[PDB]
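The figures that follow rest on heavy atoms only: side chains count, while hydrogens, waters and symmetry mates do not. So you know, we letter chains A, B, ... as the sequences are listed, proteins then strands, and number each from 1.
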Amino acid sequence: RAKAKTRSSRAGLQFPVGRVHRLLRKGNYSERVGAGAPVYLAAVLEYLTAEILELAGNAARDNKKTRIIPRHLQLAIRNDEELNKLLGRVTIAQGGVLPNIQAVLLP
Amino acid sequence: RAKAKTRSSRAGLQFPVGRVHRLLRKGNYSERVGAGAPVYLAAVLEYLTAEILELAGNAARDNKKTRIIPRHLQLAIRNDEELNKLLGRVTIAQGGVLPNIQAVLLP
Amino acid sequence: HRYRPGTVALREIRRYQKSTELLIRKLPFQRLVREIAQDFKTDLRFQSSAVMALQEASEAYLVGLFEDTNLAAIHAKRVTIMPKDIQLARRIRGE
Amino acid sequence: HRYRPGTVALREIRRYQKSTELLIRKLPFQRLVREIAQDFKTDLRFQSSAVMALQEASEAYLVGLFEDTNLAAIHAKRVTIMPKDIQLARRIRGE
Amino acid sequence: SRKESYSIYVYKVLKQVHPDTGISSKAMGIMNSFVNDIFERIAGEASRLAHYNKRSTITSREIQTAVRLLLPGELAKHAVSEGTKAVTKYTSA
Amino acid sequence: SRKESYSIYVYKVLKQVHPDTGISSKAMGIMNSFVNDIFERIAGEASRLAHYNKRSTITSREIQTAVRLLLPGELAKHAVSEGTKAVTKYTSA
Amino acid sequence: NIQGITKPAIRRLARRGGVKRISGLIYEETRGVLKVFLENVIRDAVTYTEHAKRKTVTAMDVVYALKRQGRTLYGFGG
Amino acid sequence: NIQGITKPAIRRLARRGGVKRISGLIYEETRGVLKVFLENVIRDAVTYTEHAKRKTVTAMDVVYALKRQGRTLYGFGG
DNA sequence: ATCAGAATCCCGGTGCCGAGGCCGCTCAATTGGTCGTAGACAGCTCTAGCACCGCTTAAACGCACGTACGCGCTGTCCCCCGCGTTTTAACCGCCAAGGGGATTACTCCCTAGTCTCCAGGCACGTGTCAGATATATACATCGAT
DNA sequence: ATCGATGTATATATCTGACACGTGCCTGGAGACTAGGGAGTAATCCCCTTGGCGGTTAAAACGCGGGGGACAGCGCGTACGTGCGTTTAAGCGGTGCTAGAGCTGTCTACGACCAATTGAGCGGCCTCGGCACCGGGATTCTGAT
């Protein structure tokens, strides 16, 4: 037969399409799973991951650091209104908070 | 064969065990459904229904009414701390609110 | 005869807290719904029950918000609700 | 030399808002967790990571509550947080 | 087109608890929504429990645990009692 | 016992967007939790949509609609673009 | 069309909410809040409608939108 | 054991929350609130543990309890 | 404005331990083929949503006026902050034990699947009685004196 | 107190439409039998949780002085509540028609399933470089003068 070509490579993705497919089929979501659903889902996940990682890397570079930490992830998420809305009810371990002091309290 | 005896009658319940079973199997919850699960679920649902209906009938009688209305249901739910907690984020159509005036506003 | 300020307000509180009918006019609410929906998709039709559900939900939401606003006002040693009270309530609520 | 009231408080705000370490002592928190859990089931063991997760969640919750409490206090034209402020925040939040 | 509902059973329970009390159509619709909601909650919690424990079957244990997790206090206590009694009676035919 | 995770793929994406930037184990754990959470949300919404429309198959339309419902604003816009591009490329081999 | 939510209506809602005295800027604030809420719900309902390939927003669509925004409504089929 | 949550700790938490001045009754109020929160989470975690027939509360149990109470925690395996 | 002192920031050096990479293996994804079925599309029905006209009347609106309340200012006193000193117990490291959590293997019983049948539940129809409305009235409450 | 206005509850009579019961049917649930695989149970192993010891040091507790912030009182002026006359459009009832929801029939593309292959992904081991800790000078910032 022909050499095995991964569906991720066929779709130009880094995320595992086959794994996403298995998780959908065995996750008690529906009776059947279309062929395009894992591809679409993987692409969406990849996009979101790329966005967060890029913003966290920028925060790290601004902090003269070369490794991303929970602090950097928290900064990236909380400084973007849309990401904050998406992850509103989520607590990032070891993330801390944004420096914010009410103006009325300042000397 | 033997005369058909409903599982509801075998369990001494009014809620439909067979229907609950079908809804569980076709609701994408699990691969398999135990024989006791529909019975248990039906009994719990029946108990909750009985509780609400009794409290609503009591409210109706207190309002000199013989028919339960959404108002009576709302009164019954909101006047019981536990039921209110269970149905905290639920809006009953045509239910109104509980009579409550802050003490500081009184003459 | 003139009732002192507050008496009629309290009478209205009691009446509306005892009643359950919808308090927003149907036709204006429907027009608002349609105007808002126009921005998402054109030539949209609406079920009567759909409009009724929207009205019920909106009224319930607004009543709850006014309750929290009142609590904020009382907290600030006031008896008058203000935009700052609505804003505080909404912020704390997570909106 | 004595810093005027407020200076050290603001310095502490800046420091703790810049840092990310846990602020509750580990051993006391663990004892509290075990004491509370004892009333539900006896001879209960606890994973270190379980206790750590509990601590993180509790601290985050309390920080959020203090934020809302501060907002309530400021709303009442005060700079000091009080039990009435905590109560208001919690009531509005639905807790 | 037949549309299934819980009307018959809700009415039966009403006539058991309040023989001389009826119910409006609006209240019946509310009750139907309630039953559906609670069903969904319980089934979803049982499903999650099963998945967490790498099990493929939803049993009375999963239902019981879901009930304990969702229903507060004495609601849970009595619901559990009712479920256990029903299961026992069914298992003894 | 082998325990699957998204570490490898997250690392690939990181190396694409920031070739000289690494990641700590804690942050990696965060990323894994994030991916799992979003996956769950999207799949669950798609499942609900399918059930509402009396369909037995979760397709790219269901995924797209779930994305539109969950992701706010431009997050949704770009995610939809990405998904469509990926599906097209895959379908054209 | 937002002005159709008249001042008396807002007052009635406040009365049901137990409000005794109302500032003049409350009406505009309330109108804005209601508009935002409505926009969100209608958006989701229309999304459901388009997914169903329908031209009529249904009560089911509205109910689902409310449910997914954590504002479950009883009385309209779920 | 509730006294182990000392006043300095509560002060630090308030400082992270942006609080500048603190009343003396805040410590007791906070202790009570924390106790309630902990009770709820631990209750749910123990329920999960008992369902699994385990004697050790796991991080997964805690995570699940937090998730179902709408306080999703990232960083501890889900 | 000034100045001294306290705190934080930054810069450089040393070490250490955790992230990154490499390698063996194994099991989970891929490929190729088959088969049933589900949902895509065409077409027909008929429901209900939209548009309009007319009349009525109840709600909205504009305005006058009075007064209660928001808000700013002032004084007082108390209680929280900030800092110095003593105590205590948290933390780190190190060791010991045992218990329970995870794994594997065997079995058996419990549930899906199929068929056949039949009764319960659900549209349709109907009639009659509970509640809505109208009217009169009694009664309690608000207000000015 | 108190009486007068006034809104609100209460008591009775007519109607009406909406709910409670009956009927016919049909389709979903029940009885019966089968296979097979998922879960229960029993033994094992090892890891990871619990318990104890000691020191030591950082953090908590306590005392005290004072200053600034909470809070109570007062005056004023203005914005909002109440009432009344006008006008505006909401509501209701009838009628129209057509778009589109909903159902049925047909068929073809598409996804489940299954067996063989193999290569992607995971566990384990090792090392080196990013970061952390220490220490010391620079800069900032605060408060008293």
Side-chain angles (χ1 to χ4, degrees), chain A residues 1-7 16 18-19 21-22 25 31-35 65-67 107, chain B residues 1-7 16 18-19 21-22 25 31-35 65-67 107, chain C residues 1-9 11 25-28 45-48 77-80, chain D residues 1-9 11 25-28 45-48 78-80, chain E residues 1-5 7-8 11 22-25 55-57, chain F residues 1-5 7-8 11 22-25 28 55-57, chain G residues 6-9 21-24 54-56, chain H residues 6-9 21-24 54-56:
Chain A
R1 293 182 183 174
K3 262 269 284 189
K5 254 270 285 180
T6 80
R7 291 192 265 158
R19 178 177 292 187
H21 198 201
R22 194 239 308 149
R25 285 208 274 72
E31 215 195 2
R32 308 164 85 81
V33 182
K65 255 80 183 62
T66 287
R67 297 211 295 254
Chain B
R1 292 173 296 180
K3 198 71 38 200
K5 254 270 286 180
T6 80
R7 291 129 100 165
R19 179 177 292 187
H21 199 201
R22 195 239 308 149
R25 285 189 285 71
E31 193 207 324
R32 313 164 69 83
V33 182
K65 299 296 183 181
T66 88
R67 256 207 299 265
Chain C
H1 183 92
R2 178 164 326 221
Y3 288 62
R4 322 232 306 278
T7 300
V8 191
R11 233 150 58 215
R25 303 263 69 86
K26 304 262 180 73
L27 281 195
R45 283 145 109 80
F46 271 90
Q47 287 196 333
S48 63
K77 293 184 175 71
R78 284 182 280 107
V79 152
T80 317
Chain D
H1 187 76
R2 263 173 82 103
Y3 286 116
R4 310 226 276 264
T7 300
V8 192
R11 272 216 315 270
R25 304 257 105 71
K26 296 246 180 73
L27 281 195
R45 294 183 181 277
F46 272 90
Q47 287 196 333
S48 35
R78 284 182 280 107
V79 297
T80 317
Chain E
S1 64
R2 327 168 56 100
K3 293 179 179 179
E4 285 163 16
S5 55
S7 305
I8 311 280
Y11 202 72
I23 183 159
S24 80
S25 183
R55 306 217 161 290
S56 62
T57 290
Chain F
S1 64
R2 71 180 29 175
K3 298 151 316 223
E4 305 197 310
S5 46
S7 304
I8 311 281
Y11 199 71
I23 182 159
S24 80
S25 65
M28 192 53 284
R55 295 233 180 300
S56 47
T57 316
Chain G
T6 63
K7 183 182 91 163
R21 213 165 174 267
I22 305 163
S23 178
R54 269 191 275 98
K55 304 270 184 63
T56 308
Chain H
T6 62
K7 141 178 199 163
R21 213 165 174 267
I22 306 163
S23 178
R54 269 191 275 98
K55 291 166 185 274
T56 308

Can you work out whether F46(D) or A35(A) has the more 5'-proximal nearest nucleotide on DNA chain J? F46(D)
On DNA chain J, does the nearest nucleotide to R25(D) precede the nearest nucleotide to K65(A) from the 5' side, or the other way round? Give the residue.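 Per heavy-atom nearest nucleotide, the more 5' residue is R25(D).
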Rounding to a whole Å, what distance do you find between [X]:[atom1] and [N]:[atom2]?
X	N	atom1	atom2	result
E31(A)	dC113(J)	CD	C1'	14 Å
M28(F)	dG21(I)	CE	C1'	17 Å
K7(G)	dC63(I)	NZ	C1'	11 Å
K55(H)	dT50(J)	NZ	P	13 Å
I22(H)	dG82(I)	CD1	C1'	13 Å
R25(B)	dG113(I)	CZ	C1'	10 Å
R21(H)	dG68(J)	CZ	P	11 Å
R4(C)	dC65(I)	CZ	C1'	17 Å

Would you say a side-chain N or O of [X] is under 4.0 Å from OP1 or OP2 of [N]?
X	N	value
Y11(F)	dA19(I)	no
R7(A)	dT30(I)	yes
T57(F)	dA38(I)	no
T6(A)	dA120(J)	no
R19(A)	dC122(J)	yes
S56(F)	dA38(I)	no
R32(B)	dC110(I)	no
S24(E)	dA18(J)	no
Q47(D)	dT49(J)	yes

[X] and [Y]: which non-hydrogen atoms are nearest, and at how many Å?
X	Y	answer
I23(F)	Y11(F)	CG2-CD1, 4.2 Å
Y3(D)	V8(D)	CB-CG2, 4.0 Å
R21(H)	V79(D)	CB-O, 3.6 Å
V33(A)	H21(A)	CG1-CD2, 3.6 Å
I22(G)	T80(C)	C-CG2, 3.9 Å

Could you tell me whether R2(C) contacts a base, only the sugar-phosphate backbone, or nothing, with contacts defined as non-hydrogen atoms closer than 4.0 Å?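 Base contact - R2(C) has a heavy atom under 4.0 Å of at least one base atom.
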Options [options], nucleotide nearest the side-chain atoms of [X]:
X	options	result
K3(F)	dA119(I), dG123(J), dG81(J)	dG123(J)
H1(C)	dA112(I), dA112(J), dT6(J)	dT6(J)
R1(B)	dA115(J), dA70(J), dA32(J)	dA32(J)
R55(F)	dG81(J), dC80(I), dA40(I)	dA40(I)
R67(B)	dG65(J), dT49(J), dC19(J)	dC19(J)
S25(F)	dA19(I), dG120(I), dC81(I)	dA19(I)
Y3(D)	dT6(J), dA90(I), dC83(I)	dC83(I)
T6(G)	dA68(I), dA7(I), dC61(I)	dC61(I)
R2(F)	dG32(I), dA112(I), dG123(J)	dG123(J)
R45(D)	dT49(J), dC81(I), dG81(J)	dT49(J)

Pairwise P distance for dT145(I) and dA68(I), with rounding to whole Å: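 Going atom to atom, P in each nucleotide, I get 14 Å.
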Quote, to the nearest angstrom, the P distance that separates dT6(J) from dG83(J).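 Their P atoms lie roughly 10 Å apart.
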Gap separating the NZ atom of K65(B) from the OG atom of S24(E), nearest 0.5 angstrom: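 Rounded to the nearest 0.5 Å, the NZ-OG separation comes out at 12.0 Å.
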Calculate, to the nearest 0.5 Å, the distance between atoms OG and CZ belonging to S25(F) and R67(A) respectively. 9.0 Å
Need to verify one output field. Residue with the more 5' nearest nucleotide on DNA chain I, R54(H) or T7(C)?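 The answer here is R54(H).
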For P28(D) and for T80(D), locate the closest nucleotide of DNA chain I by heavy-atom distance; then report the residue assigned to the nucleotide nearer the 5' terminus. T80(D)
Distance-only donor-acceptor test (3.5 Å): side chain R11(D), base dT8(I):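 It does not, because no donor-acceptor pair links the side chain of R11(D) to the base of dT8(I) below 3.5 Å.
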Tell me whether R25(D) contacts the main-chain N or O of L27(D) through its side chain, where contact means a donor paired with an acceptor under 3.5 Å. no
